[PDB]
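Q: structure of the sequence below:
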Amino acid sequence: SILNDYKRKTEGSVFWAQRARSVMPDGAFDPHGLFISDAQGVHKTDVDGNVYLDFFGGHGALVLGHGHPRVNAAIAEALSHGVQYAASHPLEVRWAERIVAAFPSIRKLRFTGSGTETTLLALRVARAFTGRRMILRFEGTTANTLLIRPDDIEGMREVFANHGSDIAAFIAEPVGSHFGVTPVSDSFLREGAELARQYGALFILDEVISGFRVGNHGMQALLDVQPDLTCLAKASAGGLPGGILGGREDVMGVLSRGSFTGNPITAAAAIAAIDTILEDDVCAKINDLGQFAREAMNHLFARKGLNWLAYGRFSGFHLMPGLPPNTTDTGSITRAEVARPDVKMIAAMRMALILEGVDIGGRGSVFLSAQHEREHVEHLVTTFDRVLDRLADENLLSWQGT
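A: Residues are numbered from 1 along each chain as shown. What follows is the structure:
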């Protein structure tokens, strides 16, 4: 069986998982996950010595792949100077300069400890600057949060005509939750930005994943919107830990007056990464490769007679079992009208893929990087063809609908 074959290939990982289990709550994955000891480029090696073609390590932070050389040279150069904390360090200033240069909306910024502290600070800046108490967000302490469903234009027009004057900010992630697992349309963000401005709310755009991945000026430049604050991290921090909140002067003015300057090691990675993304036309390449992978996956599913869809944008895709591969409108996903995929089936898919020497993320998500080539996508497609046959061998595929 897939499960037993997976246990035999990964006994080294089962060993460390037991040690983990005595110190860490419990569990994403069902049997046990993979313990990695090495990675370079698009490949990673587990404790058993098995090598895998990787489509997801870093959750998008590694736009340039594992351990790019210029990133590593910059990090070692910085470490040899021995400043790990920094009061104020030239590198941190040079990094901020690239950010302000990429995002026309960002005139001033403050560096933070991560993506999560970024969107939490943003919410406090928004509050303080407006005087207001409510935050609007999307679905999937709380008496201060308004929820709106993605793509519900008219339910949003309502929220603002009903609580509008008490909304500090509308915060949204473009493309959708987890870079589009749950899609949201651009035109809904563009509407939310206009509505925020018209009711005196700020618009916060969370470009933690979009930043330096979808384009050299962010998603905001693609959407042709000018958010009041932008949250960045991941690729905009060169893969290393840390976050950035940037924005207009007025709003950003609330900070550092009434109502952390940066880690030099992360700063050196970022400067190296941002420069190599811009120089090597990385965004354009991985947006091409993502389109290619989406089409190739959809052709695969049609050919094999399966009602599964590969969807998403830019340098990614996500899988939805239960929809025909020629689906163009993902409205059924954004509204949660598709059946949840069987969790056993997903787990077997993930183990099967690993048995073939391939690894993807979550419930069938991929992120492509600069060091992926067409050949790696073709390998993914080939390996999926076999994984889908093993799933059907164990009766884990439902060909119906709902």
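Q: what helix or strand does the residue nearest the centre of the chain sit in?
A: In the chain, the residue lying closest to the centroid (CA atoms, centre = their mean) is residue 209, at 4.1 Å. Using DSSP states H and E, residue 209 sits in no helix or strand.
Q: same check on the one 3 residues further on?
A: Of the helices and strands defined by DSSP H and E, none includes residue 212.
Q: next, the contact list for the residue nearest to it when sequence neighbours are not counted, please.
A: Distances taken as CB to CB, 6 or more residues apart in numbering place residue 235 nearest to residue 212, at 4.1 Å, with adjacent residues excluded. For the C-beta atoms, the positions are set from N, CA and C on the backbone; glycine is no exception. Contacts for residue 235 (CB atoms under 8 Å, 6 or more residues apart in numbering) come out as 60, 61, 62, 63, 64, 211, 212, 213, 273, 277.
Q: for the last one, give me its contacts.
A: Under the criterion of CB under 8 Å, 6+ apart, the neighbours of residue 277 are 63, 64, 212, 216, 235, 283, 370.
Q: A strand includes it, no?
A: No. Residue 277 is assigned helix when assessed by DSSP: H, G, I helix; E, B strand; the rest coil, not a strand.
Q: and for the nearest residue to residue 344 once chain neighbours are set aside, the neighbour number?
A: Spatial nearest neighbour of residue 344, chain neighbours left out: residue 396 (6.3 Å); criterion: CB to CB, 6+ apart. Neighbour count of residue 396, defined by other CB atoms under 10 Å: 20.
Q: give the contact list for residue 396.
A: The contact partners of residue 396, by CB under 8 Å, 6+ apart, come to 342, 344, 345, 348.
Q: can you verify my assumption that residue 399 contacts residue 306?
A: Yes. Taking contacts as CB atoms under 8 Å, residue 399 lies within contact range of residue 306: 7.1 Å.
Q: and the residue lying closest to residue 296 once chain neighbours are set aside, how many neighbours?
A: Among residues not flanking residue 296 along the chain, residue 381 sits closest, at 5.0 Å (CB to CB, 6+ apart). Residue 381 has 16 neighbours, counted by other CB under 10 Å.
Q: and the gap between residue 381 and residue 317?
A: According to CB to CB, to the nearest Å, residue 381 and residue 317 sit 12 Å apart.
Q: mind listing the shared neighbours of the two?
A: 293, 297.
Q: residue 320 belongs to a strand?
A: Yes. Using three-state DSSP, the assignment for residue 320 is a strand.
Q: and the longest helix along the chain, which residues are buried?
A: Longest helix in the chain, counting residues (DSSP state H): helix 282-303. Neighbour counts over helix 282-303 (16 or more other CB atoms under 10 Å) mark 282-283, 285-287, 289-290, 293-294, 296-298, 300-301 as buried.
Q: Three-state assignment for the closest residue to residue 119 other than its chain neighbours, please.
A: Counting by CB to CB, 6+ apart, residue 119 lies nearest to residue 231, which is 5.0 Å off, once chain neighbours are set aside. Taken by three-state DSSP, the conformation at residue 231 corresponds to strand.
Q: could you check how far residue 231 is from residue 133?
A: Per CB to CB, residue 231 is found 20 Å from residue 133.
Q: list the residues that contact the residue nearest to the centre of the chain.
A: By CB under 8 Å, 6+ apart, the neighbours of residue 209 are 59, 60, 173, 175, 178, 179, 234.
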